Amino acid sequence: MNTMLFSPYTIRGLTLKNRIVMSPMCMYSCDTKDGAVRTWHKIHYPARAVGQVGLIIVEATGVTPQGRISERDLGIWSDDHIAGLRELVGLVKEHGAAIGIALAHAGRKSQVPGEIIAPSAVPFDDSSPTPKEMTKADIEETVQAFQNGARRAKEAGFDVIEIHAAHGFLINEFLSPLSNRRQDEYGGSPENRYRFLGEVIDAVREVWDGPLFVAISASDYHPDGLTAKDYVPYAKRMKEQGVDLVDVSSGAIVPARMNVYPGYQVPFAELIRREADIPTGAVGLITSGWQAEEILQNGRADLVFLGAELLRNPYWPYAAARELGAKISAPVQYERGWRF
């Protein structure tokens, strides 16, 4: 009847109607290949809003055309993108939900034709292009791209920003010593590997005072790589720098074996939560409403992030609320249809 999953959650001054969040998931549907928002996105994202998702994070959006994963990604490297994005914001908020955006750079895992960049000139695998080692100029400009992305997102009317430092992409690559072999201030030590992310958090916080997430991969799944222990100092640092919540997933820095099963990334989300004393978001194989409730109720995370579950059902919250016997607001058009 009276559950935690469907309880409000305030981040800074922004209040989410529930703890359900849509994770960023690339839709590869910018057919115009210019980072533009499209018909697809205007159907896809508000559908989850209608289904009572409390916070919807728009897919990894490239801060530069270089930093796209693919050519068919969304972009925010130009003021021309603000209008497309502002409409998307309107269409999602109109139907109840809050909206965020994952500012992203794909680093050495970019599949865009041409030069791709990374902290060190070291490919993802045997089959991947070797990226260009970044100059201090490249670094500064990339931090600047992130700041501009944030400025644009603010102007488009987003409620939340997520700095995307996960899944083997640029920022994640600086953090992991597998990929960061630099011998200047940006590599070589725990504090140095953090600096890139740190300057991005500062750079974004200059132009944006709203709710701020950071996505991480808490484990590299590699003997010589990082583990969730390593992100505890980093999360403590993020807290001081003003990061409000940590979106805790894992993996994808280098090819690796991964044991996948229900809530397999929850203990990462909890370790960072308790040890760094910072709010976290759990993600990855959260099927039922029951399972989400246990996560929140046992202080494992503060928001449950959903992925395929919301691709499989955009109205998953209604399904979960039936399963938990909870009362939630139906759009007025579906009140009688959602017979409680």
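Numbering starts at 1 and runs along the sequence shown.
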Report the stretch with the higher mean CA temperature factor, choosing between 288-296 and 274-282 on the basis of the entry. 288-296
Quick check: 146-154 versus 132-140, which has the larger average CA B-factor in the record? 132-140
In the PDB entry, which of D202, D220, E162, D159 has its C-alpha at the highest B-factor? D220
Determine which member of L212, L74, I253, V266 has the highest CA B-factor, using the values in the deposited entry. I253
Please say which third, lowest, middle or highest, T64 falls into when its CA temperature factor is compared across its chain. middle
Comparing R195 with the other modelled residues of its chain, is its CA B-factor in the lowest, middle or highest third? lowest
Third of the chain's Cα B-factor distribution that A326 belongs to, per the entry: highest
Relative to the other modelled residues of the same chain, rank the CA B-factor of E173 and answer lowest, middle or highest third. highest
Ranked against its chain, the third holding the CA B-factor of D79: middle
